[PDB]
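Participant: Next comes model.tsv, TSV, C-alpha atoms:
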chain	number	residue	atom	x	y	z
A	1	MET	CA	53.93	94.02	-125.11
A	2	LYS	CA	51.57	96.74	-123.85
A	3	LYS	CA	49.53	95.80	-120.78
A	4	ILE	CA	46.80	97.90	-119.17
A	5	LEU	CA	45.80	97.09	-115.59
A	6	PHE	CA	42.41	98.50	-114.60
A	7	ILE	CA	41.53	98.59	-110.89
A	8	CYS	CA	37.96	98.53	-109.58
A	9	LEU	CA	37.03	98.51	-105.89
A	10	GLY	CA	34.03	96.23	-106.34
A	11	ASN	CA	34.97	94.93	-109.78
A	12	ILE	CA	31.38	93.68	-109.81
A	13	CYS	CA	29.83	96.67	-111.55
A	14	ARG	CA	31.84	99.16	-113.62
A	15	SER	CA	34.71	96.68	-114.03
A	16	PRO	CA	32.76	93.93	-115.93
A	17	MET	CA	30.65	96.23	-118.11
A	18	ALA	CA	33.59	98.40	-119.15
A	19	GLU	CA	35.60	95.19	-119.51
A	20	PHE	CA	33.39	94.13	-122.41
A	21	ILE	CA	33.27	97.63	-123.91
A	22	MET	CA	37.04	98.12	-123.96
A	23	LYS	CA	37.70	94.56	-125.11
A	24	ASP	CA	35.36	95.23	-128.04
A	25	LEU	CA	36.80	98.53	-129.34
A	26	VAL	CA	40.43	97.58	-128.57
A	27	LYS	CA	40.20	94.94	-131.30
A	28	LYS	CA	40.46	97.86	-133.72
A	29	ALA	CA	43.91	99.17	-132.73
A	30	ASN	CA	44.98	96.91	-129.84
A	31	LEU	CA	44.26	93.25	-130.56
A	32	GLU	CA	45.90	93.93	-133.90
A	33	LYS	CA	49.26	94.78	-132.32
A	34	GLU	CA	48.56	92.11	-129.70
A	35	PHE	CA	47.58	94.19	-126.67
A	36	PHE	CA	46.56	92.88	-123.23
A	37	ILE	CA	44.08	94.17	-120.64
A	38	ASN	CA	43.33	93.00	-117.09
A	39	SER	CA	40.78	94.15	-114.50
A	40	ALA	CA	41.21	93.38	-110.80
A	41	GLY	CA	40.04	94.62	-107.41
A	42	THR	CA	42.01	96.22	-104.58
A	43	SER	CA	42.15	93.21	-102.25
A	44	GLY	CA	40.31	90.68	-104.40
A	45	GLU	CA	38.02	90.05	-101.42
A	46	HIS	CA	35.09	89.53	-103.79
A	47	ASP	CA	36.03	91.74	-106.74
A	48	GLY	CA	35.28	89.39	-109.63
A	49	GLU	CA	31.59	88.51	-109.55
A	50	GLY	CA	30.36	91.17	-111.95
A	51	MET	CA	26.80	92.17	-111.11
A	52	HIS	CA	25.16	95.38	-109.86
A	53	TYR	CA	21.73	97.03	-110.01
A	54	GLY	CA	22.88	100.03	-112.03
A	55	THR	CA	25.34	98.29	-114.36
A	56	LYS	CA	23.30	95.12	-114.95
A	57	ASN	CA	20.10	97.07	-115.58
A	58	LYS	CA	21.99	99.31	-117.98
A	59	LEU	CA	23.28	96.27	-119.85
A	60	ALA	CA	19.81	94.68	-119.78
A	61	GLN	CA	18.50	97.66	-121.74
A	62	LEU	CA	20.46	96.51	-124.81
A	63	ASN	CA	23.90	95.20	-123.83
A	64	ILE	CA	24.63	91.82	-122.24
A	65	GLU	CA	23.69	91.09	-118.62
A	66	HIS	CA	27.33	90.23	-118.05
A	67	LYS	CA	30.25	88.26	-119.49
A	68	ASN	CA	33.34	89.00	-117.39
A	69	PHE	CA	32.89	86.75	-114.36
A	70	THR	CA	36.48	86.48	-113.11
A	71	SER	CA	37.53	86.77	-109.47
A	72	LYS	CA	40.61	88.99	-109.71
A	73	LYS	CA	42.88	90.63	-107.14
A	74	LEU	CA	45.32	93.35	-108.24
A	75	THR	CA	48.62	92.75	-106.46
A	76	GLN	CA	52.32	93.64	-106.70
A	77	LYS	CA	53.23	90.77	-109.03
A	78	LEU	CA	50.28	91.67	-111.25
A	79	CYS	CA	51.08	95.39	-111.36
A	80	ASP	CA	54.66	94.50	-112.26
A	81	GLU	CA	53.23	93.01	-115.45
A	82	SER	CA	51.01	95.82	-116.74
A	83	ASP	CA	52.84	98.87	-118.07
A	84	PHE	CA	49.99	101.23	-117.18
A	85	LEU	CA	47.82	101.35	-114.06
A	86	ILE	CA	44.39	102.93	-113.59
A	87	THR	CA	42.21	103.44	-110.51
A	88	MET	CA	39.15	105.53	-111.41
A	89	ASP	CA	37.97	105.05	-107.81
A	90	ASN	CA	38.33	108.10	-105.57
A	91	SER	CA	39.29	106.09	-102.47
A	92	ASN	CA	41.15	103.25	-104.21
A	93	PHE	CA	43.68	105.88	-105.31
A	94	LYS	CA	44.89	106.92	-101.86
A	95	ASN	CA	44.73	103.32	-100.65
A	96	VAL	CA	46.62	101.80	-103.59
A	97	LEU	CA	49.19	104.57	-103.08
A	98	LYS	CA	50.33	103.59	-99.58
A	99	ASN	CA	49.49	99.96	-100.38
A	100	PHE	CA	52.17	99.75	-103.07
A	101	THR	CA	55.73	100.99	-103.59
A	102	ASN	CA	56.81	104.24	-105.24
A	103	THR	CA	55.72	102.63	-108.51
A	104	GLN	CA	52.20	103.94	-107.96
A	105	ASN	CA	53.21	106.91	-110.12
A	106	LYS	CA	52.03	104.78	-113.04
A	107	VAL	CA	48.44	105.05	-111.78
A	108	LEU	CA	45.82	107.27	-113.42
A	109	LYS	CA	42.66	108.87	-112.01
A	110	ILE	CA	39.35	109.58	-113.73
A	111	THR	CA	39.01	112.76	-111.67
A	112	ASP	CA	41.49	114.32	-114.09
A	113	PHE	CA	39.48	113.18	-117.12
A	114	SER	CA	35.82	113.32	-116.07
A	115	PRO	CA	34.55	116.94	-116.11
A	116	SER	CA	31.09	117.46	-114.59
A	117	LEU	CA	30.91	113.77	-113.70
A	118	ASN	CA	32.10	114.18	-110.09
A	119	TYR	CA	31.19	110.54	-109.45
A	120	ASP	CA	32.07	108.46	-106.39
A	121	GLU	CA	33.31	104.86	-106.29
A	122	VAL	CA	31.48	103.08	-109.12
A	123	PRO	CA	28.05	104.23	-110.47
A	124	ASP	CA	24.78	102.31	-109.92
A	125	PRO	CA	22.05	103.39	-107.42
A	126	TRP	CA	23.88	101.66	-104.57
A	127	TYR	CA	26.70	104.20	-104.88
A	128	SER	CA	24.89	107.11	-106.54
A	129	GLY	CA	21.15	106.49	-106.61
A	130	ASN	CA	20.39	105.89	-110.29
A	131	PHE	CA	20.82	103.06	-112.81
A	132	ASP	CA	21.31	105.37	-115.80
A	133	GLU	CA	24.22	106.77	-113.80
A	134	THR	CA	26.21	103.73	-114.91
A	135	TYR	CA	25.45	104.80	-118.48
A	136	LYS	CA	26.84	108.34	-118.22
A	137	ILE	CA	29.81	107.30	-116.07
A	138	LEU	CA	30.93	104.16	-117.92
A	139	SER	CA	30.25	105.53	-121.41
A	140	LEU	CA	32.13	108.79	-120.77
A	141	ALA	CA	34.94	107.31	-118.66
A	142	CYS	CA	35.55	104.40	-121.05
A	143	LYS	CA	35.56	106.78	-124.02
A	144	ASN	CA	38.14	109.24	-122.70
A	145	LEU	CA	40.07	106.35	-121.18
A	146	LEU	CA	40.10	104.67	-124.59
A	147	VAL	CA	41.60	107.81	-126.11
A	148	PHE	CA	44.56	108.02	-123.72
A	149	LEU	CA	44.89	104.22	-123.64
A	150	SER	CA	45.04	104.19	-127.44
A	151	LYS	CA	48.56	105.64	-127.38
A	152	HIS	CA	47.85	109.34	-126.89
A	153	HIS	CA	51.33	110.17	-125.61
A	154	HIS	CA	54.94	110.19	-126.84
A	155	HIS	CA	57.01	107.00	-127.01
A	156	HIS	CA	60.78	106.60	-126.69
Have the structure of the file written as structure tokens, please.
Facilitator:
Amino acid sequence: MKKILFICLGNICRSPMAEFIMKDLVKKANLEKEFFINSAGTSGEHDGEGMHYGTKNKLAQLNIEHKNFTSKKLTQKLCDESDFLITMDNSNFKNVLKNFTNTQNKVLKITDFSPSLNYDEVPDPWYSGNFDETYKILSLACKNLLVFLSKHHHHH
């Protein structure tokens, strides 16, 4: 029963796109062993729509406009379910830290993975200034994230 909880500030850009990407590849070595994944925002204020200039445009190029419309809101009860927690957002990290108990130690940051990415909170031109930005960020982040998420540690 392995559960991965992904947290996205807006959850209306990098959350939906990556949601489809991960869900696709996981079928290889995750859906087989019956794995579960969930993406939610910080306060679920709006995090759930799934639409942004950078991400949508990127998907329009070849991918799908969107297919993860689900208003989510990462909370304590939800976090208690997932075995692993991920932020990726620079600010969401500090916030989620003091927002939750000492169990935040199960959270991961993309700042440790991403090398010359040095991205802010979610790609797209509204946060960076380019649509292709979503390409480099999501593709790279999801890739490395998939590696560690695909059991790249030691069990016990």
Participant: Given the point (47.5, 98.4, -115.4) in the file's coordinates, find the residues that have an atom at most 12 Å from it, counting all atoms listed in the file, and give them as a PyMOL selection string.
Facilitator: chain A and resi 2-8+36-41+74-88+103-108+149
Participant: Give the answer as one residue: which of A:137, A:93, A:13, A:144 has the shortest atom-to-atom distance to residue 116 (chain A), using all atoms listed in the file?
Facilitator: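 Smallest separation from residue 116 (chain A) among the options: A:137.
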Participant: CA of residue 143 (chain A) to CA of residue 10 (chain A): how many Å, to one decimal?
Facilitator: 20.6 Å
Participant: Quick one: of A:97, A:17, A:122, A:145, who's nearest to residue 50 (chain A), counting only C-alpha atoms?
Facilitator: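 Ranking A:97, A:17, A:122, A:145 by distance to residue 50 (chain A), first place goes to A:17.
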Participant: List every protein, DNA or RNA residue that has an atom no more than 8 Å from (41.7, 89.0, -106.8) in the file's coordinate frame, counting all atoms listed in the file, and report them as a count of residues only.
Facilitator: 14
Participant: Go through A:90, A:111, A:30, A:68 one by one, measure the shortest atom-to-atom distance of each to residue 146 (chain A) using only C-alpha atoms, and give the residue with the smallest value.
Facilitator: A:30
Participant: Determine the axis-aligned bounding box of all atoms of region 65-83 of chain A present in the file, pad each side by 3 Å, and express its centre and edge lengths in Å to one decimal place as AutoDock Vina command-line options.
Facilitator:
--center_x 39.2 --center_y 92.7 --center_z -113.0 --size_x 37.0 --size_y 18.4 --size_z 19.0
Participant: Residues at most 12 Å from residue 139 (chain A), counting only C-alpha atoms, excluding those fewer than 2 positions away in the same chain, as a ChimeraX atom specification?
Facilitator: /A:14,17-22,55,58-59,114,117,123,132-137,141-146
Participant: Restricting the calculation to all atoms listed in the file, which member of A:125, A:49, A:35, A:120 is positioned closest to residue 67 (chain A)?
Facilitator: A:49
Participant: Using all atoms listed in the file for the distances, tell me which of A:1, A:9, A:65, A:28 is nearest to residue 96 (chain A).
Facilitator: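 Among the listed residues, A:9 lies closest to residue 96 (chain A).
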Participant: By how many Å are CA of residue 89 (chain A) and CA of residue 56 (chain A) apart?
Facilitator: 19.1 Å
Participant: Taking into account all atoms listed in the file, which residue in the set A:156, A:29, A:131, A:95 is nearest to residue 61 (chain A)?
Facilitator: A:131
Participant: So what do you get for CA of residue 12 (chain A) versus CA of residue 121 (chain A), distance-wise?
Facilitator: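 Going from CA of residue 12 (chain A) over to CA of residue 121 (chain A), I get 11.9 Å.
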